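Report on the structure given below.
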Amino acid sequence: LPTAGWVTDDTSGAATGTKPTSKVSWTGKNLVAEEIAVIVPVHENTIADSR
Amino acid sequence: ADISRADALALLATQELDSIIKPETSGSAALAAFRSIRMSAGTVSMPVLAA
């Protein structure tokens, strides 16, 4: 977030008369795809003989 | 000087038999002799007279 401050208005020489600088910043992050998998093997005769 | 058969060998027609020289097949003596049933389950059941 940016940061502000209180500033004086009395004299040009006072350091408290200078308006403060501030930045804003951002970062990246990634939503990365990943894979769930399984193989279910069975004998053809099991498939043939089951009801 | 004449056209011998060797001189015209490259022009002669060719012929391959349309069938193979093989024994006539027997089939199983068991399948030929014994009566068979269609199975649907892999392990059929068989009641046999006992008394």
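Note on naming: chains are A, B, ... as they come in the structure tokens, residues start from 1 per chain, ligands start from 1 in the order shown.
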Check your understanding: Taking the backbone alone, and naming residues the way the document does, which bits of chain A are helix (DSSP H, G or I) by DSSP, as a list in words?
Key -> residues 15, 16, 17, 44, 45, 46, 47, 48 and 49 of chain A
Review point. Contacts of residue 47 (chain A) at 12 Å or less, counting only C-alpha atoms, minus same-chain residues fewer than 6 places along, as a PyMOL selection string?
Key: (chain A and resi 41) or (chain B and resi 41-42)
Exercise for review: Taking only C-alpha atoms into account, report as a PyMOL selection string which residues of chain A lie within 12 Å of chain B.
Suggested key: chain A and resi 45-51
Review point. Using only C-alpha atoms, which residues sit within 6 Å of region 17-32 of chain A once same-chain residues fewer than 4 positions away are excluded, as a count of residues only?
Key: 6
**Study point:** Point-to-point distance in Å for CA of residue 50 (chain B) and CA of residue 34 (chain B)
**Key:**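 It comes out at 22.1 Å.
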